[PDB]
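Alright, two takes on the same chain below, each alone as structure tokens: structure 1 and structure 2.
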Structure 1
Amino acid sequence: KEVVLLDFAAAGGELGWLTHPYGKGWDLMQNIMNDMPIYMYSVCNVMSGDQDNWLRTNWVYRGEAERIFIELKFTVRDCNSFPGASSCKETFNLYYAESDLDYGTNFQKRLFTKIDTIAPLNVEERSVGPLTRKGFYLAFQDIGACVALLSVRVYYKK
């Protein structure tokens, strides 16, 4: 079983995702673990207050997928590990949005449905279904947290 439509950790850094605040907020970052390059999307604007930092995945062609599972592997830095502005959070938000075509760099928060709040290496899994349009995007919203998202894999069973 488990047919994988998207796997960020297996992309080897050749998969770039959209960031609505470009520069601030989410950033694509490389580290080296066990002498191999491990990539992640990380954000940590904790001492700044209002944030609303969005990270949108590439377009994922649906295919035969009707009920998909989203598996997030991520780390959250403890808010008490900062000398502060006590407006930081320890969760983020997972959204998705279906479309028959690839919109590209066009990003509209209006079209994205909130899947769930992701809170505590943290391994979370959510389910979405049924999907009807030709493809879908995932989205991650930061509201003032210190998160390093290392793996995102979407798949369907059998």
Structure 2
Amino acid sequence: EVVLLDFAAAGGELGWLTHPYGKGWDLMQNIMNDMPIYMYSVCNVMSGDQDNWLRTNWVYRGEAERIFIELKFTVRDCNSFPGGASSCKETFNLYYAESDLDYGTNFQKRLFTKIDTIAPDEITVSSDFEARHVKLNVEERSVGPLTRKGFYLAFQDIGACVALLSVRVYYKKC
């Protein structure tokens, strides 16, 4: 496996764009046994019309044709927000865009293509938190053939309580 991007590894948390900025997706640091553990997180479950975007850094294609994308994340149960939260979602979306040049900070939703809805096998229920039984999901998708010099991945939150803990992008060589 040839790793193109690895969020959880030692500096993978740098260089990501969030749009809109200030509310949506948020880089947070947990600490476990003195190890910093970073995540992109969002939980705007109480207001509708959520459209929050998280975009990776420019990633070079090299000789990759089909890339594999591994996501690790938790999703908080919508029923754990007392009284209702009717706009709460339990999924998020995976997108990408190819390009021959670096866009810098110029991100546009419309230039991106949807890969798939990403859905947890295991929701984390209310009691799971105190039980220290938080449920980590692993989901893999692939895209291809890629032909451009580079590419971006992006994550649309539509109103779920998601913690994106790991994002690993690789292709198969030999």
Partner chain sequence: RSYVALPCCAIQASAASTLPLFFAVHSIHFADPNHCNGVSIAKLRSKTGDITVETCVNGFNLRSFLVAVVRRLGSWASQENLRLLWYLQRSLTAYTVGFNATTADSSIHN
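C-alpha atoms forming the largest set that superposes within 1.5 Å between two forms make up the rigid core. Shifts are known only where both forms have a C-alpha. Start at 1 and count along the sequence of structure 1; that gives the residue numbers used here.
Of the two forms shown, the form solved without its partner chain is structure 2. Once both forms are overlaid on the rigid core, the distance between the two CA positions of residue 10 between the two structures is under 2 angstroms. Once the two forms are overlaid on the core, residue 76 shows a Cα shift of 0.4 Å between the two structures. Core superposition gives residue 33 a CA displacement of 1.8 Å between the two structures. Look at the core-aligned forms between the two structures and you find a single run of 3 or more residues with C-alpha shifts of 2 angstroms or more, at 11-14.
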